[PDB]
2 protein chains.
Amino acid sequence: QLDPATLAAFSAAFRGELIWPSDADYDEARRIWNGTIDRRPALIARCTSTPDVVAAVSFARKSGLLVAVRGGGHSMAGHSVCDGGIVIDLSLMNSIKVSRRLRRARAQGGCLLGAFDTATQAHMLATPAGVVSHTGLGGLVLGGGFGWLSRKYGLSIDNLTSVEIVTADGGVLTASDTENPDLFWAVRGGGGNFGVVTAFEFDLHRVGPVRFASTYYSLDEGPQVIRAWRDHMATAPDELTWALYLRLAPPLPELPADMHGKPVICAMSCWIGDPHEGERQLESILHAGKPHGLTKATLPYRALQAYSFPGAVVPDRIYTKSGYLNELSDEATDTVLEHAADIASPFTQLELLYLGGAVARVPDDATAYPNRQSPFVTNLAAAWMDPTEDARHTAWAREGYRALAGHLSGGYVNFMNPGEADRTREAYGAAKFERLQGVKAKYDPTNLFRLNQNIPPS
Amino acid sequence: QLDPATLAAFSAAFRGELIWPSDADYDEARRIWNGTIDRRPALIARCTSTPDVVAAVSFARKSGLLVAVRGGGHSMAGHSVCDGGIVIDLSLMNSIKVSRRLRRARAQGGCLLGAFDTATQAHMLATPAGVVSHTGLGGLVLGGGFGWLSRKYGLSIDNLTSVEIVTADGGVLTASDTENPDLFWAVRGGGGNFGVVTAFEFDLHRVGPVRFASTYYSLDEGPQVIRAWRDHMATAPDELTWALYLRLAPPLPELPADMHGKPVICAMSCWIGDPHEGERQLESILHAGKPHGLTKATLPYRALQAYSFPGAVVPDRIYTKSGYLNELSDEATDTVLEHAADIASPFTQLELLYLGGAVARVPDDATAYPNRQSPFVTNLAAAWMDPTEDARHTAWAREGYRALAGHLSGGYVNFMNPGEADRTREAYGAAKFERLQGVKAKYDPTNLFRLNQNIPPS
Ligand SMILES: Cc1cc2nc3c(=O)[nH]c(=O)nc-3n(C[C@H](O)[C@H](O)[C@H](O)COP(=O)(O)OP(=O)(O)OC[C@H]3O[C@@H](n4cnc5c(N)ncnc54)[C@H](O)[C@@H]3O)c2cc1C
Ligand SMILES: Cc1cc2nc3c(=O)[nH]c(=O)nc-3n(C[C@H](O)[C@H](O)[C@H](O)COP(=O)(O)OP(=O)(O)OC[C@H]3O[C@@H](n4cnc5c(N)ncnc54)[C@H](O)[C@@H]3O)c2cc1C
């Protein structure tokens, strides 16, 4: 319960919409993508402008309210909603300005990937981001951001040229390579630790149609397929991206009925470049095993972005355990296949991703993002509907991770689950974590922004 | 040259960006999708809120500035930019609020379709809109709006429940079936004639993955493909949509190279419903000729929306002639094939669309959209790059229209070209036009909003 004068100053300054626990849309406004997170904020402030975010940060600081910031609400740790605090909700700040001649996009901090991609593709332009359209740009970029265009053009942060950011003191700063470069280093991988980003500026690239393929392999052939994949990606051109999703086969017409619901490897691949070269490149990796349900298409980049994932179903409840690998040993390969064979929910995926390429050619210390030199990512992404089955699916992800943990290092902060606060130092490493703390001490000394993979100051 | 106190009142009330002819970004900001339209506004006002729009509409009325209103900039007539007037540019008002429980979306007037579909598809929901993601939602909906979901769920306006609209006098109104219903009737098909819509409210539908097919037929087999189409679509269930696009075959690896750049029928089809039924239904319509470069996929609806058109090239210069047909005779089929054989630009399409279904079940006078009872639309959509070639592409469109004029009636206001201001009466018909003139006399009696398929008051 709040100070009336502080609240009245807030209401007069704030031009967005405020949602209170008694309002009709409070229950839908406080849900985030991870539906296991059920929390009740004192206030949700739907900002519509940078002055709105200023007023909301300042109101929160003066009132002592625990601050959650929300872009697209996809935090796998549930950081975008809080008990008893204020949600600074950016979802209505979804505007993008694209300059075709300059190959530049300026995107507000609340954009969804699909809105961003629609705007840039109006000019046949693009820049790297994640693979599911309704993910928020904000959290994704601040953690690094990888997807289809990343082996060719780097992480999202490798194309970021500046931000507008509201800091804990209510100030509005620009951070770039020429202005507050210490803060600009930190926001490229350091998350929401340093303030609320209200606008991102990106360099764009011309991206025409891309040759794309998706197919399914039986777990029978898993050893030969995963070994073909890790061997080929070690020397693959930047232009090829190839990812493996172990999952239950979806009940789709392109798959034989006897495969529906059983563990398979879903392989998805694309060529960023000439589609005829892409057709030759993909044809040579599609037959590592017998391809079932093969879909080949020459897609506009916006449609590639909208494709993931097959079955198009939004799960209510999720739990993720992830790490990087420097090498994918045969022992790690067998472990991945044994646990994939035990997947229970049709929405769970054991993801095997290969980064590298342009991501790995950026010097390690040039941004806050850790583990550019590890090309493999494995993600035990459990997802289900029924809340009484939480233990089944959570246990699957935990046991898989534990059996792999010796082969893993680091961790992508954007794949951390609600119980992985203690993983922050191991994810960043000692040198980056220490540098991040010094930037935290300068820009957020009270740790007002602590609903994130948190960096304590000093 | 403007009255300096009306100017300063406006700038004080306006919290958005103003672009003047001397500013560096003026030339990029004044371009619209139809690059044959080259106009120089006195002022571009980039609105960020409904009060911004109120200030701009009032400033234009007080100053006598000619008003262009801009959503997504896709006017085939060039109406979203003006010489010497003001552009009320809505492109930054791109926010969408979605209720999963109530299956409702509220979208601002500047949204692009792809941003809208991303936000609704985050909940596996959708509502009918156009087929190209970067089209503006504003002008599309005010004209009617049809696309992949229309045979199943109707026009965009058929799912619209209310608008917030800024009228010529500067007031903000709600318009619905229970509040200002004469205005609500008129904005569902009447264009921007009655004010600036700053928010649309839509009913949503659950749309999971849809089975989709695109393929290409030789003109050799042209007559039997088009007759199969027009025969099948007369009795096809609502769940099937099947459209034909006669064009030069794009140079894509799924097509043999000997077909590249030569006239073909591009056939695109989808089933809105169970994908296994969809696979049977599409296969039953795919083989009236030999299908070259066949792509079949089970796509999330958002990826279907992002798919058009194959080759993903944005043309610089366009010219369109369109009308409705009540029937497609063999004689008209021959004319369409003859004219398609003469297509010169790789970006031109002679489109043959079939609406009907749920569109035709809405009583004719329920909205201002005309010609629900004509199921065929043909669109001679010329598009090219080289400005020295305008005459030839323009001529193709008009010669083709004139050769089909015995079969064509009415006309979609959203497909009309810059020289077609005279066609407004024929498009709506005398009775609808008369009623529209009465709503205009009430809400825009000075015809402040005249850059549209214009309806003069009285
Ligand atoms: C279905 C799905 C697919 C994904 N795919 C990918 C992928 O392909 N690649 C990838 O790299 N990641 C991917 N992710 C992970 C994604 O990067 C993270 O979940 C990210 O945190 C999501 O950001 P958000 O704004 O949507 O989330 P939120 O829950 O809104 O926010 C996440 C964190 O960022 C902070 N934050 C958000 N916006 C801002 C802002 N404007 N300013 C300051 N702080 C902010 C929040 O405080 C919180 O700490 C995926 C996640 C999901 C659920
Ligand atoms: C590539 C392409 C694909 C298309 N596909 C389809 C399709 O599948 N189906 C279909 O039905 N049509 C389609 N169209 C046509 C489309 O409906 C019209 O071009 C429409 O006018 C585009 O709206 P806009 O806001 O993008 O255009 P703009 O140029 O911004 O505006 C068009 C008109 O509407 C007015 N206007 C725009 N927004 C508002 C608003 N918020 N309030 C008041 N007036 C407003 C403008 O004053 C102008 O008169 C397509 C067009 C293109 C170029």
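When we count neighbours, we look across all protein chains shown, and the Cβ atoms used for this are built from the backbone with ideal geometry, even at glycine. Each value in this text was obtained by applying a stated rule to the coordinates, not by laboratory testing.
Counting only the backbone N, which residues of the range B:348-366 are under 17 Å from the spot 7 Å out from the Cα of residue B:431 toward its beta-carbon?
B:360-366
In peptide A:292-299, how many Cβ atoms from other protein chains are near each Cβ within 10 Å, on average?
Working: counts 0, 1, 0, 5, 6, 11, 11, 8.
Mean shielding by partner chains, rounded to a whole number: 5.
Note down the relative contact order for chain B as a percent, whole number, built from C-alpha pairs under 8 angstrom at least six residues apart.
16 percent
Separation between the residue B:313 and residue B:364 pseudo-spin-labels, each 7 Å from Cα along Cα→Cβ, expressed in nm?
The answer from the label model is 4.2 nm.
With charges only on Cβ, +1 for K and R and -1 for D and E, what is the dipole size of the range A:371-458 about its Cα centre, in debye, rounded to 20? Walk me through the intermediate numbers first.
Values: 11 positive and 9 negative charges, 98 e Å.
Approximately 460 debye in magnitude.
With θ set to phi - 60°, apply the Karplus curve 6.51 cos²θ - 1.76 cosθ + 1.60 along the range B:302-315 and write out the HN-Hα couplings as whole Hz, x wherever there is a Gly or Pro.
Those phi angles translate into 4, 7, 4, 4, 8, 7, 6, 10, x, x, 6, 10, 8, x Hz.
For the range A:329-405, which trypsin sites (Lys or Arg not before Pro) pass both filters: DSSP loop (anything but H, G, I, E, B) and at most 16 other C-beta atoms within 10 Å? Each step should come with its number before you reach the end.
Details: sites: A:361, A:372, A:392, A:398, A:402; in loops: A:361, A:372.
Sites meeting the loop and neighbour criteria: A:361.
Specify the angular offset, from 0 to 90 degrees and rounded to the nearest 10, of the alpha carbon long axis of helix B:50-63 from the longest principal axis of the alpha carbons in chain B.
70 degrees
Ignoring the sites themselves, what is the longest stretch of chain B with no GluC sites (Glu not before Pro) in a DSSP loop and at most 12 other beta-carbon atoms within 10 Å?
Here the longest segment lacking exposed loop sites spans B:1-178.
Evaluate peptide A:86-99: per residue, the Cβ atoms of other protein chains within 10 Å of its Cβ; return the mean as an integer.
4
Can you list the trypsin sites (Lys or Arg not before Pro) in the range A:27-60 that are in a DSSP coil and have 16 or fewer other beta carbons within 10 angstrom?
A:31, A:39
Sort A:47, B:82 by Cβ crowding within 10 Å, fewest neighbours at the top.
With the sparsest Cβ surroundings first, the list reads B:82, A:47.
For the range B:13-28, in order, what is each residue's ³J(HN,Hα) by Karplus, 6.51 cos²θ - 1.76 cosθ + 1.60 with θ = phi - 60°, in whole Hz (x at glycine and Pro)?
Karplus-based 3J(HN,Hα) across the range B:13-28 equals 7, 9, 9, x, 9, 10, 10, 9, x, 7, 6, 4, 8, 5, 5, 6 Hz.
At 7 angstrom along the Cα-to-beta-carbon line, where would the label on residue A:284 sit relative to the other copies? Give the distances in nm, shortest first.
Going from nearest to farthest copy, the values are 4.4 nm.
For the range B:225-304, calculate the relative contact order in percent as a whole number, restricting contacts to Cα pairs under 8 Å that are 6 or more residues apart.
For the range B:225-304, the relative contact order is 28 percent.
State to the nearest 20 debye the size of the charge dipole of the range B:207-416 about its Cα centre, where the only charges are +1 on K and R beta carbons and -1 on D and E beta carbons.
Using Cβ point charges on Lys, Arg, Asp and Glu, the range B:207-416 gives about 340 debye.
Placing the label point 7 Å from Cα along the Cα-to-Cβ direction, what are the distances from residue A:387 to the equivalent spots in the other copies, shortest first, in nm to one decimal?
6.3
Return the loop-located trypsin sites (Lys or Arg not before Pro) in the range B:48-136 (DSSP other than H, G, I, E, B) with at most 13 other Cβ atoms within 10 Å of their own Cβ; answer none if there are none.
B:101
Give or take rounding to whole Å, what are the principal axis extents of the alpha carbon atoms in the range A:16-94, in descending order?
Largest first, the range A:16-94 extends 32, 27, 25 Å along its Cα principal axes.
Using only DSSP helix segments of four residues or longer, with each worth -39500 (n - 2.57), what per-residue ellipticity at 222 nm results for chain B after dividing by its residue count and rounding to 500?
Calculated mean residue ellipticity at 222 nm is -8000 deg cm²/dmol.
Starting from the Cα of residue B:220, move 7 Å in the Cα-to-Cβ direction to define the label point; list residues of the range B:281-321 whose amide nitrogen is under 18 Å from there.
Answer for the range B:281-321: B:287-294.
How far apart are the residue B:223 label points across copies, placing each 7 Å from Cα toward Cβ, in nm, shortest first?
The projected label point of residue B:223 is separated from its counterparts by 6.2 nm.
Where in the range A:13-49 is the amide nitrogen less than 17 Å from a point lying 7 Å along the Cα-to-Cβ axis of residue A:398?
Residues A:36-37 fall inside that zone.
With the radius of gyration and the Kirkwood radius both derived from the Cα set of chain A, what is their ratio Rg to Rh?
Working: Rg = 21.8 Å, Rh = 22.6 Å.
Value, to two decimals: 0.96.
Calculate how large, on average over all directions, the projected area of the Cα convex hull of the protein assembly as shown is; give the answer in nm² to one decimal.
Averaged projected hull area, Cα only: 35.7 nm².
Could you give the nm distance between label points at residue B:176 and residue B:342, where each point is 7 Å from its Cα heading toward the beta carbon?
5.3 nm
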